[PDB]
Each structure stands twice: as C-alpha cells, then as structure tokens.
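S.K.: Provided herewith: model.cif, mmCIF, C-alpha atoms and all ligand atoms.
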```
data_target
loop_
_atom_site.label_atom_id
_atom_site.label_comp_id
_atom_site.auth_asym_id
_atom_site.auth_seq_id
_atom_site.Cartn_x
_atom_site.Cartn_y
_atom_site.Cartn_z
CA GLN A 25 -61.16 75.79 15.99
CA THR A 26 -59.89 76.43 12.47
CA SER A 27 -57.23 79.17 12.37
CA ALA A 28 -56.40 81.54 9.51
CA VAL A 29 -53.33 79.46 8.77
CA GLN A 30 -55.37 76.24 8.68
CA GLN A 31 -57.85 77.92 6.32
CA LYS A 32 -55.06 78.90 3.93
CA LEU A 33 -53.62 75.37 4.10
CA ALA A 34 -57.08 73.96 3.30
CA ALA A 35 -57.36 76.24 0.27
CA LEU A 36 -53.90 75.15 -0.90
CA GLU A 37 -54.87 71.51 -0.45
CA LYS A 38 -58.11 71.96 -2.41
CA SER A 39 -56.30 73.34 -5.44
CA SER A 40 -53.59 70.63 -5.35
CA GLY A 41 -56.06 67.76 -5.62
CA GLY A 42 -54.07 65.73 -3.08
CA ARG A 43 -53.90 65.29 0.68
CA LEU A 44 -51.64 67.60 2.69
CA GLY A 45 -50.35 67.11 6.24
CA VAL A 46 -48.53 69.83 8.14
CA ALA A 47 -47.09 70.14 11.64
CA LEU A 48 -45.15 73.12 12.94
CA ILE A 49 -43.55 73.46 16.34
CA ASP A 50 -42.36 76.94 17.20
CA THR A 51 -39.78 76.50 19.95
CA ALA A 52 -40.08 80.20 20.93
CA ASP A 53 -43.26 79.30 22.80
CA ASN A 54 -43.77 75.56 22.17
CA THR A 55 -46.93 76.16 20.21
CA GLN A 56 -48.10 74.01 17.31
CA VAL A 57 -49.91 74.45 14.06
CA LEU A 59 -51.37 71.26 12.64
CA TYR A 60 -53.23 70.44 9.45
CA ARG A 61 -54.31 66.79 9.24
CA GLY A 62 -51.82 66.47 12.07
CA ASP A 63 -53.14 63.11 13.27
CA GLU A 64 -53.66 61.49 9.87
CA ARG A 65 -51.17 58.88 8.66
CA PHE A 66 -48.94 59.56 5.66
CA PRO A 67 -46.25 57.42 3.98
CA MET A 68 -42.87 58.71 5.16
CA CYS A 69 -40.78 57.57 2.23
CA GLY A 70 -37.22 58.87 2.62
CA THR A 71 -38.06 61.09 5.57
CA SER A 72 -37.77 57.83 7.55
CA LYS A 73 -34.01 57.95 6.93
CA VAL A 74 -33.70 60.49 9.72
CA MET A 75 -34.94 57.95 12.28
CA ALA A 76 -32.55 55.26 10.98
CA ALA A 77 -29.52 57.54 11.03
CA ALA A 78 -30.46 58.80 14.50
CA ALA A 79 -30.78 55.23 15.80
CA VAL A 80 -27.23 54.47 14.63
CA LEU A 81 -26.05 57.71 16.24
CA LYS A 82 -27.64 56.53 19.49
CA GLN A 83 -25.78 53.21 19.21
CA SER A 84 -22.56 55.18 18.68
CA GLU A 85 -22.94 56.81 22.11
CA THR A 86 -21.69 53.56 23.68
CA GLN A 87 -19.32 52.55 20.84
CA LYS A 88 -16.74 55.23 20.04
CA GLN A 89 -15.61 53.49 16.86
CA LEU A 90 -19.03 52.51 15.52
CA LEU A 91 -19.23 55.26 12.92
CA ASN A 92 -15.87 54.11 11.51
CA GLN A 93 -17.03 50.50 11.17
CA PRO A 94 -16.87 49.27 7.56
CA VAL A 95 -19.85 47.68 5.88
CA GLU A 96 -19.52 45.58 2.73
CA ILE A 97 -21.33 46.76 -0.37
CA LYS A 98 -21.99 44.00 -2.90
CA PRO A 99 -23.45 44.26 -6.41
CA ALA A 100 -26.63 42.58 -5.19
CA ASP A 101 -27.13 45.32 -2.58
CA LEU A 102 -27.82 48.04 -5.14
CA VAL A 103 -31.47 49.05 -5.34
CA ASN A 104 -33.21 51.81 -7.34
CA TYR A 105 -31.23 54.93 -6.34
CA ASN A 106 -27.63 54.50 -5.21
CA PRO A 107 -25.55 57.47 -6.21
CA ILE A 108 -22.96 56.98 -3.45
CA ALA A 109 -23.11 53.21 -2.80
CA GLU A 110 -22.59 52.28 -6.43
CA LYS A 111 -19.06 53.74 -6.21
CA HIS A 112 -18.23 51.32 -3.41
CA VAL A 113 -19.52 48.05 -4.82
CA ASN A 114 -17.08 45.24 -4.00
CA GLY A 115 -15.77 47.60 -1.35
CA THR A 116 -16.96 49.08 1.90
CA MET A 117 -18.51 52.21 3.39
CA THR A 118 -18.32 53.18 7.04
CA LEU A 119 -21.49 53.72 9.05
CA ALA A 120 -20.74 57.48 9.01
CA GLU A 121 -20.47 57.38 5.22
CA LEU A 122 -23.71 55.42 4.99
CA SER A 123 -25.47 57.86 7.29
CA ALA A 124 -24.25 60.87 5.30
CA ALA A 125 -25.18 59.23 2.02
CA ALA A 126 -28.64 58.25 3.24
CA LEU A 127 -29.40 61.71 4.60
CA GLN A 128 -27.67 64.13 2.24
CA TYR A 129 -28.04 62.25 -1.04
CA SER A 130 -31.00 60.01 -0.12
CA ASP A 131 -29.06 56.90 -1.17
CA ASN A 132 -31.41 53.92 -0.76
CA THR A 133 -28.69 51.28 -0.52
CA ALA A 134 -27.18 53.30 2.31
CA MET A 135 -30.54 53.34 4.09
CA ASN A 136 -30.75 49.55 3.77
CA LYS A 137 -27.39 49.22 5.49
CA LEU A 138 -28.58 51.44 8.33
CA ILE A 139 -31.72 49.34 8.69
CA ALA A 140 -29.63 46.13 8.73
CA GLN A 141 -27.31 47.61 11.41
CA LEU A 142 -30.43 48.08 13.56
CA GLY A 143 -31.68 44.51 13.00
CA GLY A 144 -34.31 45.29 10.38
CA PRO A 145 -37.20 47.76 10.01
CA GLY A 146 -38.48 46.86 13.47
CA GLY A 147 -35.21 48.03 14.99
CA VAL A 148 -35.90 51.50 13.62
CA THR A 149 -39.39 51.34 15.11
CA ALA A 150 -37.91 50.21 18.42
CA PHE A 151 -35.66 53.27 18.53
CA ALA A 152 -38.67 55.50 17.80
CA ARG A 153 -40.52 53.97 20.74
CA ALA A 154 -37.46 54.39 22.99
CA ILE A 155 -37.45 58.14 22.35
CA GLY A 156 -41.19 58.52 23.00
CA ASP A 157 -42.64 58.22 19.48
CA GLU A 158 -45.56 55.80 19.66
CA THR A 159 -46.74 56.57 16.12
CA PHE A 160 -43.82 55.98 13.72
CA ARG A 161 -43.59 52.57 12.12
CA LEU A 162 -41.05 51.19 9.69
CA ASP A 163 -42.10 47.88 8.20
CA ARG A 164 -40.06 47.39 5.02
CA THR A 165 -36.67 48.05 3.45
CA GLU A 166 -35.83 50.11 0.37
CA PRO A 167 -37.32 50.44 -2.15
CA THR A 168 -40.65 48.95 -1.11
CA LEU A 169 -41.08 51.24 1.90
CA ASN A 170 -42.03 53.91 -0.68
CA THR A 171 -45.05 52.19 -2.24
CA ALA A 172 -47.21 54.81 -0.48
CA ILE A 173 -50.49 53.02 -1.12
CA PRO A 174 -53.50 54.95 0.19
CA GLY A 175 -54.84 53.41 3.38
CA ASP A 176 -51.75 51.24 3.96
CA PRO A 177 -50.38 51.75 7.49
CA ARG A 178 -46.93 50.36 6.65
CA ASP A 179 -44.05 52.83 6.78
CA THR A 180 -46.22 55.71 7.98
CA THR A 181 -46.38 58.31 10.69
CA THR A 182 -48.41 61.41 11.47
CA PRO A 183 -47.24 65.01 11.04
CA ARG A 184 -47.72 65.69 14.77
CA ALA A 185 -45.58 62.73 15.78
CA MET A 186 -42.81 63.39 13.29
CA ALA A 187 -42.47 67.06 14.25
CA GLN A 188 -42.20 66.13 17.90
CA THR A 189 -39.58 63.51 17.15
CA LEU A 190 -37.54 65.72 14.86
CA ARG A 191 -37.53 68.38 17.59
CA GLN A 192 -36.32 65.90 20.22
CA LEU A 193 -33.57 64.60 17.90
CA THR A 194 -32.23 67.93 16.62
CA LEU A 195 -32.96 70.48 19.35
CA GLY A 196 -33.72 68.35 22.42
CA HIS A 197 -31.89 65.60 24.22
CA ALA A 198 -32.88 62.37 22.49
CA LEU A 199 -29.25 62.09 21.40
CA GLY A 200 -26.02 63.02 23.16
CA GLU A 201 -24.59 66.45 22.42
CA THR A 202 -21.98 65.34 19.91
CA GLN A 203 -24.50 63.11 18.12
CA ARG A 204 -27.17 65.82 17.97
CA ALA A 205 -24.61 68.16 16.43
CA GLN A 206 -23.66 65.52 13.87
CA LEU A 207 -27.29 64.99 12.91
CA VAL A 208 -27.81 68.72 12.50
CA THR A 209 -24.65 69.02 10.40
CA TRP A 210 -25.87 66.25 8.15
CA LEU A 211 -29.35 67.77 7.72
CA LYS A 212 -27.94 71.25 7.00
CA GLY A 213 -25.84 69.67 4.24
CA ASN A 214 -28.78 68.06 2.49
CA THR A 215 -28.53 68.31 -1.29
CA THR A 216 -32.13 67.52 -2.20
CA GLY A 217 -34.25 70.14 -0.45
CA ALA A 218 -34.11 73.52 -2.24
CA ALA A 219 -37.44 73.06 -4.05
CA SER A 220 -39.38 71.94 -0.97
CA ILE A 221 -39.80 73.65 2.43
CA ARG A 222 -36.72 75.82 1.67
CA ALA A 223 -38.40 77.29 -1.39
CA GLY A 224 -41.22 78.76 0.71
CA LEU A 225 -39.08 80.46 3.36
CA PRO A 226 -37.20 83.76 3.48
CA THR A 227 -33.65 83.51 2.22
CA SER A 228 -32.08 84.56 5.47
CA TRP A 229 -33.53 81.56 7.33
CA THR A 230 -31.35 78.50 7.58
CA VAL A 231 -32.76 75.05 6.95
CA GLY A 232 -31.70 71.46 7.55
CA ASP A 233 -34.09 68.99 6.00
CA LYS A 234 -34.77 65.53 4.67
CA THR A 235 -37.03 64.96 1.66
CA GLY A 236 -38.94 61.90 0.54
CA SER A 237 -40.83 60.72 -2.50
CA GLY A 238 -42.76 57.67 -3.58
CA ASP A 240 -45.64 56.35 -5.60
CA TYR A 241 -48.97 58.19 -5.50
CA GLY A 242 -47.05 61.36 -6.20
CA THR A 243 -45.91 61.32 -2.61
CA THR A 244 -43.79 64.36 -1.90
CA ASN A 245 -42.48 64.98 1.63
CA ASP A 246 -40.06 67.17 3.57
CA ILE A 247 -39.17 67.46 7.25
CA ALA A 248 -37.09 70.38 8.42
CA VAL A 249 -35.47 72.15 11.33
CA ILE A 250 -35.43 75.88 10.62
CA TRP A 251 -33.46 78.73 12.19
CA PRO A 252 -35.28 81.93 11.26
CA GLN A 254 -33.64 85.29 11.25
CA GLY A 255 -33.94 86.68 14.77
CA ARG A 256 -36.24 83.91 16.08
CA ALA A 257 -35.96 80.62 18.03
CA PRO A 258 -35.89 77.51 15.83
CA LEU A 259 -38.90 75.89 14.25
CA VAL A 260 -39.60 72.32 13.26
CA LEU A 261 -41.80 71.81 10.22
CA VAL A 262 -43.21 68.64 8.63
CA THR A 263 -44.96 68.79 5.26
CA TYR A 264 -46.37 65.56 3.80
CA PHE A 265 -48.30 65.30 0.54
CA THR A 266 -49.81 62.38 -1.33
CA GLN A 267 -52.16 62.00 -4.28
CA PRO A 268 -54.91 59.64 -5.44
CA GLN A 269 -53.32 57.92 -8.42
CA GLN A 270 -50.26 55.74 -8.41
CA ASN A 271 -48.46 57.53 -11.22
CA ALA A 272 -49.05 61.10 -10.04
CA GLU A 273 -46.23 63.63 -10.52
CA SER A 274 -44.23 65.05 -7.61
CA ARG A 275 -45.45 68.38 -6.20
CA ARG A 276 -42.58 69.97 -4.32
CA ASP A 277 -44.20 73.33 -5.04
CA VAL A 278 -47.08 72.36 -2.75
CA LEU A 279 -44.63 71.84 0.12
CA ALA A 280 -43.04 75.19 -0.62
CA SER A 281 -46.51 76.79 -0.62
CA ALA A 282 -47.32 75.22 2.73
CA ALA A 283 -44.05 76.48 4.19
CA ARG A 284 -44.74 79.98 2.85
CA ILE A 285 -48.16 80.02 4.52
CA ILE A 286 -46.62 78.85 7.82
CA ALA A 287 -43.87 81.51 7.60
CA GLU A 288 -46.34 84.29 6.84
CA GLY A 289 -48.50 83.20 9.80
CA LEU A 290 -45.78 83.48 12.43
K K B 1 -43.36 59.41 -7.63
RU RU B 2 -35.46 43.49 16.78
#
```
Could you spell out this file's structure in structure tokens?
Ligand SMILES: [K+]
Ligand SMILES: [Ru+3]
M.R.:
Amino acid sequence: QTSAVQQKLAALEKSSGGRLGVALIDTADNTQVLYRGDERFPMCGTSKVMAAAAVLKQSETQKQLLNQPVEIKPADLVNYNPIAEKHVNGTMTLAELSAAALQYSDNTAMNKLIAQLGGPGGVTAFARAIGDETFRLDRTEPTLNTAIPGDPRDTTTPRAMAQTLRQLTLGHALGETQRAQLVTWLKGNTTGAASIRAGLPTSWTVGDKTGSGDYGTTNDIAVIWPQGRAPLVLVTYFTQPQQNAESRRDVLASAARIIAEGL
C-alpha cells in the first residue's frame, strides 16, 4: 500500500528525472517510511560512517587506539584531501582521521580508516557483525564513488542503512562513550546544510554525513532530534542516468521536507 508520503516522494522523483531512495525510522514508535527502500544505491561518502564506527568499535578494547599516529605520505593524497594535505610527511591520529573523514569528507582520511580495518572487506565485516547483511564496501577512495548504474559494488539499500545508522547512533552497536563520540562527530558535520537539513524545521537538530559521486549521485544520511519528539533516522539517496549529471542536493532537501510534513 502506497501512502500519501510515498505518493509525494514519487511525484518529487518524477520531476527530478533521477532515482530516489528514502528510509525513515521514527524512534517514537519504531515505524518506517520507505521509498525504493530495498533498491541498491551507491553510498559514496555515506560509507565513511561505517568505517569510522568500525574503528570506534576497535577502540573499545584499545584505550589508546584513537591516539595512534598514522603516516601520511605525498602518494596517499587522492582527489579531495582538505585535512590530510596539511599533514603530508607527517602523521594524523585515528581520531583526527575519523573527524576529517566524517566532518570534512576527506578521502585520504577515509583510506586510512579502511587500511586500519584491513581493506574494504574489513568495513563490510564490521557491518555484518552489527547485523547489516546488505552493506558492501568493495573499493577504496576515490573509485568507490564511480556510482555506475547496476553496479553492486559499494552499495546498500535505504532500509538497511537507516537501521544501521539507528543502531550506531541511538542503539547499542557501540559502547556508550563511542556512540557519543560518533554523534558528536556527525553533529559537527560541515557539509550538510543544503541536504536533509535544508528540508527540516530550524529548531530540529541534525547530525549527518553526505556523499557524492558520478551519475550525479547525491546522498545524505542523518540522525535528527526534532523539537519535542523522539529522534528520527533518515536516509536519502539519489542518482541519475548520465555520468556527468549535476548534484541535486535540493532533491534531498525536498524529500526531507515531505517526510517532516508527513509526521
Ligand atoms: K558528481
Ligand atoms: Ru579481512
């Protein structure tokens, strides 16, 4: 059965010319709204949440892990490295790499997180360990963002990602201290004001992680604390038919606005 909200999301999708995926969990009652909730989308930089969370999980049994230095060499720089480039021929700690990956979307930082986990499959292994059977990370930065239609690499579904983001940020996938650190990092994101945030009432607080890639892929995953309400988790994924398509953060904002108005 197609709800009013799903009908509005379908109308939005029609006029965008791309493919939209949405999953909401309202933790007030544990109910879900889904639009293409079981279709696979390229995660792009939204996958950085899983990598950072996997390192946080490792840190539960190693008190000093987040202070561990990692060498940054000139050859490590990839396509978008606003924090790592300052530390070439130097080091960053795993906390610094996590913060850079999440809050600035530094791709070199993400590669160091992936390497700390033993490669893309180590990120997938963590996903499986916390009950996510859908997520897969197959490649490093920058190629994990190729976002080719039909390609299963580096994809998940909206349903799966919402459930995982809820477990990580509001549930008990991580220890208490670690959960709080993840939430702090997400709430300090610098890249999100044009995406889910832009569709929500001002008073609501958001922590989010964006992503982008080829095929005009434009993504955001968020944990939301509405005014006077239990928290929400919202995934919005969007991808387009041609490789060179422009980003459409406005479509994510429009999806968020529809979800907010349907609560
Ligand atoms: K793009
Ligand atoms: Ru492995």
S.K.: By how many Å are atom CA of residue A:257 and atom CA of residue A:53 apart?
M.R.: 8.8 Å
S.K.: May I have the residues within 9 Å of residue A:93 as a list in words, using all atoms listed in the file and disregarding those fewer than 6 positions away in the same chain?
M.R.: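 Contacts, in chain order: residues 117, 118, 119 and 120 of chain A.
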S.K.: Could you pull the residues within 7 Å of residue A:180, counting only C-alpha atoms, minus those fewer than 2 positions along the same chain, as an MDAnalysis selection string?
M.R.: chainID A and resid 65:68 160:161 177:178
S.K.: Could you give me, as a JSON list (two decimals) with C-alpha atoms, in the frame of the given file, the residues within 10 Å of residue A:110, counting only C-alpha atoms and dropping anything in the same chain fewer than 2 positions from it?
M.R.:
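Result file follows (result_6.json):
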```
[["chain", "number", "residue", "atom", "x", "y", "z"],
["A", 97, "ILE", "CA", -21.33, 46.76, -0.37],
["A", 98, "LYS", "CA", -21.99, 44.00, -2.90],
["A", 99, "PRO", "CA", -23.45, 44.26, -6.41],
["A", 101, "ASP", "CA", -27.13, 45.32, -2.58],
["A", 102, "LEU", "CA", -27.82, 48.04, -5.14],
["A", 103, "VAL", "CA", -31.47, 49.05, -5.34],
["A", 105, "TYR", "CA", -31.23, 54.93, -6.34],
["A", 106, "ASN", "CA", -27.63, 54.50, -5.21],
["A", 107, "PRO", "CA", -25.55, 57.47, -6.21],
["A", 108, "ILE", "CA", -22.96, 56.98, -3.45],
["A", 112, "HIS", "CA", -18.23, 51.32, -3.41],
["A", 113, "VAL", "CA", -19.52, 48.05, -4.82],
["A", 114, "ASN", "CA", -17.08, 45.24, -4.00],
["A", 115, "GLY", "CA", -15.77, 47.60, -1.35],
["A", 131, "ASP", "CA", -29.06, 56.90, -1.17],
["A", 133, "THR", "CA", -28.69, 51.28, -0.52],
["A", 134, "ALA", "CA", -27.18, 53.30, 2.31]]
```
S.K.: What are the nearest atom pairs, with distances in Å to one decimal, for all residues of chain A that come at most 8 Å from ligand K 1 (chain B), using all atoms listed in the file, set out by chain and rising residue number as CSV?
M.R.:
```
residue,atom,partner,partner_atom,distance
A:237,CA,B:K1,K,5.9
A:238,CA,B:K1,K,4.4
A:240,CA,B:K1,K,4.3
A:241,CA,B:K1,K,6.1
A:242,CA,B:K1,K,4.4
A:243,CA,B:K1,K,5.9
A:244,CA,B:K1,K,7.6
A:270,CA,B:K1,K,7.9
A:271,CA,B:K1,K,6.5
A:272,CA,B:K1,K,6.4
A:273,CA,B:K1,K,5.9
A:274,CA,B:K1,K,5.7
```
S.K.: How many Å lie between atom CA of residue A:255 and atom CA of residue A:231, rounded to one decimal?
M.R.: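 The value is 14.1 Å.
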